[PDB]
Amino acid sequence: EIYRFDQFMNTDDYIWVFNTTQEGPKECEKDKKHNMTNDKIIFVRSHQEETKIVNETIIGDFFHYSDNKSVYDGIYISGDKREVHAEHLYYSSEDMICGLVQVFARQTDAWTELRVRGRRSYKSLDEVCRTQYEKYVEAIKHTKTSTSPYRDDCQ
């Protein structure tokens, strides 16, 4: 029912982008928490340019994306050079290893990301996570493309 973005990011492991519908994604997209209060998270969002890793420090302010004011399902983002303004966790597995995130950027841009806590096989992921994402991907594939920024050999 309820997907807590603050708890999804409450981890010391890397959270990888396993799939995205962003048009021009960099490789090896991942987030790494630096520190966290109840209402705020500082984390490092990195990607790769062939061989070099590029780190961006992100200031994130949790907020209530839905009408439910008891749950932090949204985060306002500063520091993301894709000009991401906000993110919305619309599903996470019970163990919070898998999550689906709507990403909102610039004025009118939006895409979806399948985010995974730690390196693991795609087949091992929460089935609902996988099938919801795959259903969406199949339904929009005529105009929007899903790709995987993740490689095993990402740093």
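Don't overthink the numbering: it's just position in the shown sequence, from 1.
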Quiz item: Between 111 to 119 and 43 to 51, which has the higher average C-alpha B-factor in the PDB entry?
Solution: 43 to 51
Quiz item: Which is higher on average in the deposited entry, the C-alpha temperature factors of 83 to 91 or of 62 to 70?
Solution: 62 to 70
Quiz item: Ranked by Cα temperature factor within the chain, is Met96 in the lowest third, the middle third or the highest third?
Solution: middle
Quiz item: What third of its chain, lowest, middle or highest, does the C-alpha temperature factor of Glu27 fall into?
Solution: highest
Quiz prompt | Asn19 by Cα B-factor - lowest, middle or highest third of the modelled chain | solution = lowest
Practice problem: For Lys144, return the chain-relative third of its C-alpha B-factor as stated in the PDB record: lowest, middle or highest. | Solution: highest
